[PDB]
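Positions are given from 1, in the same order as the sequence printed here. As a basis for the values below, the full set of heavy atoms in this structure was taken, side chains included, without hydrogen atoms, waters or symmetry mates.
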Amino acid sequence: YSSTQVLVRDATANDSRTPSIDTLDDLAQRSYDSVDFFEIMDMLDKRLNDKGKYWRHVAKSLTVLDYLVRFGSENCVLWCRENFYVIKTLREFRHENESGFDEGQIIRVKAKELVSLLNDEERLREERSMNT
C-alpha cells in the first residue's frame with residue numbers, strides 16, 4: 001500500500017540497491033493513472049537532472065525510465081520524447097570518484113540504449129506490444 005511518492009523515491013534513492021522488479025512493475029502499473037504519472041515523472045525529472053556525487057539518482061532513474069517505456073503508459077514514452085534533451089545529455093554523463101574510478105560508465109551505456117530505442121519507433125512498438 002505504499003504511496004507513489006514513497007515508491008518512486010525509494011526506487012531512485014542514493015544507495016547501491018538496484019530497483020526491484022516488484023517496484024518497477026508497480027510503477028509501471030501506476031503510470032496508467034494520470035495523478036500517479038505526474039508524481040512518478042516529477043521525481044524522475046528531478047533525479048535525472050542530478051550530477052556528480054548523486055550519480056546513483058541518475059542511474060536508477062534511468063533504469064526506471066527504461067522499464068516504463070516498455071511496460072508503462074504510452075505517456076511515459078511521450079514524456080521522454082518531450083524531454084529528450086535530458087536523456088541525450090546523459091549519453092556523456094561523467095563522474096570520476098576520488099579514487100579515479102568512472103561511475104558514469106553504466107549511465108552512458110543505458111542512456112545510449114534508451115535514446116536508440118526511442119528513435120527506433122518500430123522496435124519500441126514491438127516491445128510495447130508484448131506488455132500485459
Side-chain angles (χ1 to χ4, degrees):
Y1 248 131
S2 169
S3 81
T4 295
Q5 209 143 103
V6 173
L7 181 56
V8 74
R9 183 195 70 183
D10 292 355
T12 64
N14 185 19
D15 66 45
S16 58
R17 283 164 206 285
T18 197
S20 68
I21 289 286
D22 293 359
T23 292
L24 293 170
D25 210 67
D26 195 6
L27 293 160
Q29 291 329 300
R30 295 188 200 208
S31 73
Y32 290 90
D33 177 286
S34 63
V35 170
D36 284 328
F37 177 90
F38 172 83
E39 182 54 47
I40 292 165
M41 302 321 282
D42 195 53
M43 182 52 62
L44 298 175
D45 194 14
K46 297 164 155 56
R47 283 186 182 181
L48 289 165
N49 280 284
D50 234 303
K51 18 194 84 173
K53 287 171 185 309
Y54 300 90
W55 68 269
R56 291 175 187 81
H57 282 166
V58 186
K60 297 189 180 195
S61 290
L62 278 177
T63 302
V64 171
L65 205 48
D66 205 34
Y67 192 89
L68 291 178
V69 300
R70 308 165 155 77
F71 299 103
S73 174
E74 305 67 6
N75 302 142
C76 304
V77 189
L78 292 171
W79 186 97
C80 296
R81 289 207 181 106
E82 290 147 8
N83 308 95
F84 221 165
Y85 62 98
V86 168
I87 306 160
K88 289 175 179 168
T89 66
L90 298 176
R91 299 186 294 183
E92 303 173 348
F93 183 94
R94 310 283 160 171
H95 179 70
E96 287 190 55
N97 80 359
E98 289 161 37
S99 313
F101 188 86
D102 192 6
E103 315 272 41
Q105 196 199 293
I106 183 59
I107 286 161
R108 295 202 295 273
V109 171
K110 305 163 156 309
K112 285 163 174 175
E113 288 170 6
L114 178 66
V115 180
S116 160
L117 179 61
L118 287 164
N119 282 335
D120 181 352
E121 290 201 23
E122 178 57 72
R123 169 168 84 230
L124 181 44
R125 187 161 156 184
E126 175 95 324
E127 291 194 44
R128 285 190 62 78
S129 87
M130 299 167 204
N131 81 18
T132 195

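- The environment of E96 atom CD is sparse: at most 12 non-hydrogen atoms of other residues, nucleotides or ligands sit within 6.0 angstrom.
- When all heavy atoms of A28 and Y67 are compared, the closest pair comes out as CB-CE2, 3.7 Å.
- With rounding to the nearest 0.5 Å, the separation of CD in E113 from CD1 in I87 is 13.5 Å.
- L44 CG to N49 CG: the interatomic distance, rounded to the nearest 0.5 Å, is 11.0 Å.
- Shortest non-hydrogen contact noted between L27 and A11 is CD1-CB, 4.1 Å.
- Within a 6.0 Å sphere centred on CZ of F101, heavy atoms belonging to other residues, nucleotides or ligands number 12 at most.
- Counting heavy atoms from C-beta outward, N83 and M41 have side chains that stay 4.5 Å or more apart.
- Judged as a side-chain hydrogen bond (donor to acceptor under 3.5 Å, both in side chains), the pairs with a partner in residues 51-65 (not counting sequence neighbours) are, in order, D15-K60, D50-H57, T63-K110.
- Expressed to the nearest 0.5 Å, how far CG of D25 lies from CZ of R30 amounts to 11.5 Å.
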Worked verdict on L24 versus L68 for side chain to side chain contact (heavy atoms under 4.5 Å, CB included): CA-CA 8 Å; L24 293 170; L68 291 178; over 6 Å; no
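- Here the side chains of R123 and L117 are in contact, with some heavy-atom distance below 4.5 Å.
- Counting all heavy atoms, side chain and backbone alike, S31 lies closest to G72 at OG-CA, 3.3 Å.
- Following chains of ILVMFWY side-chain contacts shorter than 4.5 Å, one can reach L62 starting from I21, so the two form part of one hydrophobic cluster.
- With a 4.5 Å cut-off on side-chain heavy atoms, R47 and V58 do not count as touching.
- When the side chains of ILVMFWY residues are joined at heavy-atom separations under 4.5 Å, either directly or via intervening members, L48 and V115 end up in a single hydrophobic cluster.
- Crowding of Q5 atom CD: a count of heavy atoms from other residues, nucleotides or ligands under 6.0 Å not exceeding 12.
- The side-chain hydrogen bond (donor to acceptor under 3.5 Å, both in side chains) test applied to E82 returns no partner, not counting sequence neighbours.
- Summarising the local packing, CZ of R81 is surrounded by more than 12 heavy atoms from other residues, nucleotides or ligands at distances under 6.0 Å.
- Here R125 contributes atom CZ and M130 contributes atom CE; the two are 13.0 Å apart, rounded to the nearest 0.5 Å.
- In this structure, the side chains of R108 and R91 stay at 4.5 Å or more apart for every pair of heavy atoms.
- Annotation: side chain of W79 is not in contact with side chain of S73 (no heavy-atom distance under 4.5 Å).
- A cation-pi geometry, defined here as NZ or CZ lying under 6.0 Å from the six-membered ring centre and within 45° of its normal, holds between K88 and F84.
- At a threshold of 4.5 Å between side-chain heavy atoms, the hydrophobic network of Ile, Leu, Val, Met, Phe, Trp and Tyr places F37 and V35 in two separate groups.
- Note that CZ of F71 and CG of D66 are 9.5 Å apart. Values are rounded to the nearest 0.5 Å.
- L65 is connected to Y85 through a chain of hydrophobic side-chain contacts under 4.5 Å among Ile, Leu, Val, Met, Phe, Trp and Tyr, so both are in one cluster.
- Taking 4.5 Å as the limit, every side-chain heavy atom of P19 sits out of range of all side-chain heavy atoms of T12.
- Taking the side chain as every heavy atom from C-beta outward, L90 and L114 never approach each other to under 4.5 Å.
- Residues satisfying the side chain to side chain contact (heavy atoms under 4.5 Å, CB included) criterion with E74, sequence neighbours excluded, are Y32, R128.
- Residue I107 holds its CD1 atom at 4.5 Å from CZ of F93, rounded to the nearest 0.5 Å.
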